[PDB]
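First, one chain by itself in structure tokens, the form deposited in one PDB entry.
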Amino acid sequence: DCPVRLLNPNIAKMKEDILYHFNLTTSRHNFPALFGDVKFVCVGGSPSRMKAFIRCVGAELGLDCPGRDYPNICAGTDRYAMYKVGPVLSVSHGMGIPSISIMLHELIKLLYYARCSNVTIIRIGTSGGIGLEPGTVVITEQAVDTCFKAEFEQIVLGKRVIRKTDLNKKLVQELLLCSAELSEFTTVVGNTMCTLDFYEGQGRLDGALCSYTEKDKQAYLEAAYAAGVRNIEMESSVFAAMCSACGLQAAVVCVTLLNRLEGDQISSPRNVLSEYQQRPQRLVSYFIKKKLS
């Protein structure tokens, strides 16, 4: 019903397209036959988390056959990993705007060549909370910049280009509904601030560099909280400004690993942090199951 579209008049004249970072080529691969049935894409930082995600949702849908694995569709490259089970695609994206950008440029063309339509895309990951207990799942209402505005800036040919961040409201609602049914963890809906640096960029005091005080930070965070911000991470803004523009329905679901009003160090036991990081997976695999039933 709603096809994945590119916003680029230069693609039609190309004889082939090398998705360099995926190690996939329009000449070597039957894209419509490989990926044409994709309806749900889950993305996150880590290749192992994304394979775990693909195993878990394969089980949830019961396409989980005994023994056998989900091959890395991008095995051979080491930039991104990719997995698939029925209409679900799993894709790692590393850390930061540039890393997910490259993945998203290539994934969106991949889906376009595959002539995919009605695609829901969900980012799962981790974040720092503002005024939330650690381990809280935040469903992102708006992906915002460091002014707390629903905007994404990039430089194109030396000029600053402002594009809007848009996450699907209906999708936000569906995921919230799912979480109240599950009732396995605190879930909130808030704005998510995207940064280009984890230390000075997130107002941390424990970096190799720090140009400000404990109270400069505290007052920036409180300002953020007042403007609707509930968490902080590194990939939401570019994700929200590309997916919508290309006809994907996008959501972001992150767990908080700490409350940033109370500290900076991520000091919880490994096991606790591990339990926290299952939570976006749990919510999103359950949501996919509920949508495909």
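Shifts are known only where both forms have a C-alpha. Counting begins at 1, following the sequence as shown. Rigid core here is just the name for the largest C-alpha set that superposes within 1.5 Å across the two forms.
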Next on the checklist: So, looking at the entry's B-factor column for Cα atoms, which has the higher mean, 60-68 or 232-240?
Outcome noted: 60-68
Next on the checklist: So, looking at the entry's B-factor column for Cα atoms, which has the higher mean, 27-35 or 244-252?
Outcome noted: 27-35
Item to check | Top residue by Cα temperature factor, when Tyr80, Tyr212, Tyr199, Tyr83 are compared in the entry | outcome: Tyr212
Item to check | Among modelled residues of the same chain, the CA temperature factor third for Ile18 | outcome: middle
Checklist entry - Going by the entry, which third of its chain does the Cα temperature factor of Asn118 land in? => result middle
Next on the checklist: By the recorded C-alpha temperature factor, relative to the other modelled residues in its chain, which third is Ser101 in?
Outcome noted: lowest
Checklist outcome for this item: Assert third(CA B-factor, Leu132) within chain per record equals middle
Checklist entry - Once the chain's modelled residues are ordered by C-alpha B factor and cut into thirds, is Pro280 in the lowest, middle or highest one? => result lowest
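Although it is not shown, the form deposited in another entry is what the next lines describe.
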Checklist outcome for this item: The residue to pick from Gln173, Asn118, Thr186, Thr77, given a Cα shift of 2 Å or more between the shown form and the other one after core fitting, is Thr77
Item to check | Is_shifted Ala245 between the shown form and the other one (CA, 2 Å cut-off, rigid core) | outcome: no
Next on the checklist: Once the core is superposed between the shown form and the other one, does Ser267 show a C-alpha displacement of at least 2 Å?
Outcome noted: yes
Checklist entry - Closer or farther: how do the CA atoms of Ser267 and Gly94 lie in the other form, compared with the form shown, if the change is at least 3 Å? => result farther
Checklist outcome for this item: Core-superposed, runs of 3+ residues with CA shift of 2 Å or more between the shown form and the other one span 75-77, 266-272
